[PDB]
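Visitor: Please see the structure below; I have some questions.
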Amino acid sequence: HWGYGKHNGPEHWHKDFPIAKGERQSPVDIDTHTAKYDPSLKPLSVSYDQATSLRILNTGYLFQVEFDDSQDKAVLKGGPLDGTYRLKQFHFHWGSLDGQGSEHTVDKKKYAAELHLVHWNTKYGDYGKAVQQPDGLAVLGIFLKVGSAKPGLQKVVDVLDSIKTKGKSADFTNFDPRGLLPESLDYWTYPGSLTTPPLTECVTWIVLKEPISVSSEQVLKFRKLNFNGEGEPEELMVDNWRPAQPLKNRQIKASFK
Ligand SMILES: CCCSc1c(F)c(F)c(S(N)(=O)=O)c(F)c1F
Ligand SMILES: CCCSc1c(F)c(F)c(S(N)(=O)=O)c(F)c1F
Ligand SMILES: [Zn+2]
């Protein structure tokens, strides 16, 4: 199966998922000097006041926190989006070293990790339909740098030892994703794709300019997870990021400056 290694990593994915070589692949390098300020973009509206987390899961590729998306609770709207997108899950990608781990880059700068909050377009009724459509998903991306601890991340960090291996889950209720946001909602936006197979071109990317700070100890705990399942040989879950893909004809828009 696909993964992040020499044998089955990003450079191999095209053989099972030919859209890997498509015209709107993600992530990309964000060249801050060619991005266009767009005074017509709206401020993002991130409404997470009624978010209901359910569960945290080690998928064998990453870990994800899942939300009850059976009602209009936690929604993203505004900015470049038409309509209303419902929060389904967040997850992270991270490095073996603090020097790498993010999927998007900024003027070629790699961050230690990248948080993705995945939302689906409620015009399509549910996630499984939405992920098939060109404007099905909106993913909010937030860079992590290593520095001061992020207090709102600690509840996540502390549960990871209960989901060390592929397929493990744990109840994860009452987690507030507002704790993971930076102060500023200034963003870049561009049309792209899932960054993991099946690499579908269904994503409007919204990448915040301001990183959040996490401690060395918090990211260290991400790196103790395992790609493998229980009772299989230990492979640390590190470097689960796809490198930047060709921008092709696309324009990155900035909400600011
Ligand atoms: C023997 C186990 C690895 S075989 C393999 C593979 F090499 C891939 F590149 C892929 S891919 N194109 O999905 O990365 C794959 F699914 C595989 F099963
Ligand atoms: C694979 C599709 C099922 S889960 C998923 C996803 F929805 C994403 F948007 C992304 S991402 N990285 O494009 O936000 C992701 F990595 C995922 F694993
Ligand atoms: Zn992701």
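Chain lettering (A, B, ...) mirrors the order of the structure tokens, residue numbering begins at 1 for each chain separately, and ligand numbering begins at 1 in order of display.
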Once you count only C-alpha atoms and all ligand atoms, what closest atom pair and distance in Å to one decimal does each residue of chain A within 12 Å of ligand 1 have, with rows by chain and rising residue number, as a tab-separated table?

Guide:
```
residue	atom	partner	partner_atom_place_in_ligand_line	distance
A:1	CA	ligand 1	16 (F)	3.1
A:2	CA	ligand 1	14 (O)	3.6
A:3	CA	ligand 1	14 (O)	6.2
A:4	CA	ligand 1	14 (O)	8.2
A:5	CA	ligand 1	14 (O)	8.8
A:6	CA	ligand 1	9 (F)	8.6
A:7	CA	ligand 1	7 (F)	5.1
A:8	CA	ligand 1	9 (F)	3.7
A:9	CA	ligand 1	14 (O)	5.7
A:10	CA	ligand 1	14 (O)	6.9
A:11	CA	ligand 1	14 (O)	7.7
A:12	CA	ligand 1	9 (F)	4.5
A:13	CA	ligand 1	12 (N)	3.8
A:14	CA	ligand 1	12 (N)	5.8
A:15	CA	ligand 1	12 (N)	4.5
A:16	CA	ligand 1	12 (N)	4.2
A:17	CA	ligand 1	12 (N)	6.6
A:18	CA	ligand 1	12 (N)	8.9
A:19	CA	ligand 1	12 (N)	11.4
A:20	CA	ligand 1	12 (N)	9.8
A:196	CA	ligand 1	13 (O)	10.1
A:197	CA	ligand 1	13 (O)	7.6
A:198	CA	ligand 1	13 (O)	9.0
A:199	CA	ligand 1	13 (O)	11.1
```

Visitor: Considering only C-alpha atoms, return as JSON, numbers by chain whatever protein or nucleic-acid residues lie within 12 Å of residue 231 in chain A, sequence-local ones (same chain, fewer than 6 positions apart) excluded.

Guide: {"A": [164, 165, 166]}

Visitor: Skip residue 105 in chain A itself and residues of its chain fewer than 2 positions away, then list as a short mmCIF file (atom, residue, chain, number, x, y, z; two decimals) with N, CA and C atoms, in the first residue's frame all residues within 7 Å of it, counting only C-alpha atoms.

Guide:
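Result file part28.cif:
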```cif
data_model
loop_
_atom_site.label_atom_id
_atom_site.label_comp_id
_atom_site.auth_asym_id
_atom_site.auth_seq_id
_atom_site.Cartn_x
_atom_site.Cartn_y
_atom_site.Cartn_z
N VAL A 28 1.71 23.08 -2.18
CA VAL A 28 2.52 23.91 -3.04
C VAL A 28 3.39 24.78 -2.13
N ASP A 29 4.47 25.29 -2.74
CA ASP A 29 5.17 26.42 -2.16
C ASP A 29 4.35 27.70 -2.34
N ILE A 30 4.17 28.45 -1.25
CA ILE A 30 3.52 29.76 -1.30
C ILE A 30 4.60 30.83 -1.46
N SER A 102 6.07 20.28 7.54
CA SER A 102 4.91 20.88 6.88
C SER A 102 4.81 20.40 5.43
N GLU A 103 3.60 20.51 4.90
CA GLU A 103 3.32 20.14 3.50
C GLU A 103 3.42 21.42 2.66
N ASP A 107 7.77 30.70 0.81
CA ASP A 107 9.08 31.07 0.25
C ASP A 107 10.11 29.98 0.57
N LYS A 108 9.71 28.74 0.38
CA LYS A 108 10.50 27.51 0.54
C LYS A 108 10.77 27.12 2.00
N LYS A 109 10.32 27.93 2.96
CA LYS A 109 10.45 27.62 4.38
C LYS A 109 9.53 26.45 4.73
N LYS A 110 10.13 25.42 5.34
CA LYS A 110 9.40 24.30 5.93
C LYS A 110 9.23 24.52 7.42
#
```

Visitor: What do you get as a ChimeraX atom specification if you pick all residues at most 12 Å from ligand 3, counting only C-alpha atoms and all ligand atoms?

Guide: /A:26-27,61-64,89-94,101-104,113-119,137-143,193-197,199,203,205,207,240-243

Visitor: Selected residues, C-alpha atoms, written as a PDB file, in the first residue's frame, please.

Guide:
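Dumped everything to result.pdb:
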```
ATOM      1  CA  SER A  26      -1.314  20.042  -3.282  1.00  0.00           C
ATOM      2  CA  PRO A  27       0.614  21.089  -1.327  1.00  0.00           C
ATOM      3  CA  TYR A  61      -0.571   7.503   8.143  1.00  0.00           C
ATOM      4  CA  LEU A  62      -1.377  10.241  10.683  1.00  0.00           C
ATOM      5  CA  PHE A  63      -3.718  10.777  13.604  1.00  0.00           C
ATOM      6  CA  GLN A  64      -7.055  12.532  13.316  1.00  0.00           C
ATOM      7  CA  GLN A  89     -11.920  16.154  11.341  1.00  0.00           C
ATOM      8  CA  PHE A  90      -8.513  17.684  11.974  1.00  0.00           C
ATOM      9  CA  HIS A  91      -5.113  16.027  11.646  1.00  0.00           C
ATOM     10  CA  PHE A  92      -1.452  16.820  11.423  1.00  0.00           C
ATOM     11  CA  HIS A  93       1.586  16.120   9.285  1.00  0.00           C
ATOM     12  CA  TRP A  94       5.032  16.387  10.889  1.00  0.00           C
ATOM     13  CA  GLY A 101       7.253  18.407   8.499  1.00  0.00           C
ATOM     14  CA  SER A 102       4.912  20.879   6.879  1.00  0.00           C
ATOM     15  CA  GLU A 103       3.319  20.143   3.505  1.00  0.00           C
ATOM     16  CA  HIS A 104       2.928  23.703   2.308  1.00  0.00           C
ATOM     17  CA  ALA A 113       4.327  20.403  11.352  1.00  0.00           C
ATOM     18  CA  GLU A 114       1.054  21.393   9.678  1.00  0.00           C
ATOM     19  CA  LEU A 115      -2.447  21.177  11.072  1.00  0.00           C
ATOM     20  CA  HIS A 116      -5.322  20.566   8.627  1.00  0.00           C
ATOM     21  CA  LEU A 117      -8.927  21.190   9.629  1.00  0.00           C
ATOM     22  CA  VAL A 118     -11.034  19.400   7.016  1.00  0.00           C
ATOM     23  CA  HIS A 119     -14.494  20.706   6.154  1.00  0.00           C
ATOM     24  CA  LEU A 137     -13.713  20.355   0.662  1.00  0.00           C
ATOM     25  CA  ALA A 138     -12.236  23.332   2.366  1.00  0.00           C
ATOM     26  CA  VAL A 139      -9.104  22.629   4.322  1.00  0.00           C
ATOM     27  CA  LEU A 140      -7.830  25.184   6.812  1.00  0.00           C
ATOM     28  CA  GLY A 141      -4.038  24.779   7.147  1.00  0.00           C
ATOM     29  CA  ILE A 142      -2.018  26.062  10.089  1.00  0.00           C
ATOM     30  CA  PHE A 143       1.754  25.841  10.388  1.00  0.00           C
ATOM     31  CA  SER A 193      -6.175  18.609  -3.825  1.00  0.00           C
ATOM     32  CA  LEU A 194      -6.007  16.083  -1.058  1.00  0.00           C
ATOM     33  CA  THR A 195      -2.374  15.702  -0.104  1.00  0.00           C
ATOM     34  CA  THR A 196      -2.736  11.934   0.486  1.00  0.00           C
ATOM     35  CA  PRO A 197      -4.119   9.298  -1.905  1.00  0.00           C
ATOM     36  CA  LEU A 199      -5.196  12.941  -4.284  1.00  0.00           C
ATOM     37  CA  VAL A 203      -9.966  21.119  -2.067  1.00  0.00           C
ATOM     38  CA  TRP A 205      -6.979  25.455   0.450  1.00  0.00           C
ATOM     39  CA  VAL A 207      -3.519  28.498   4.670  1.00  0.00           C
ATOM     40  CA  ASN A 240       4.252  11.904   6.820  1.00  0.00           C
ATOM     41  CA  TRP A 241       4.196  14.982   4.540  1.00  0.00           C
ATOM     42  CA  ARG A 242       3.949  15.260   0.780  1.00  0.00           C
ATOM     43  CA  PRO A 243       6.502  17.711  -0.733  1.00  0.00           C
TER      44      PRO A 243
END
```

Visitor: Find the distance between CA of residue 33 in chain A and CA of residue 208 in chain A and write it in Å to one decimal.

Guide: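 If I compute the distance from CA of residue 33 in chain A to CA of residue 208 in chain A, I get 16.0 Å.
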
Visitor: Contacts of residue 250 in chain A at 12 Å or less, counting only C-alpha atoms, minus same-chain residues fewer than 2 places along, as number ranges by chain?

Guide: A: 23-26, 28-31, 34-36, 189-192, 245-248, 252-253

Visitor: Between CA of residue 210 in chain A and CA of residue 40 in chain A, what is the spacing in Å?

Guide: 20.9 Å

Visitor: What does the structure give for the distance between CA of residue 255 in chain A and CA of residue 84 in chain A, in Å to one decimal?

Guide: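 Here the two named atoms are 18.8 Å from each other.
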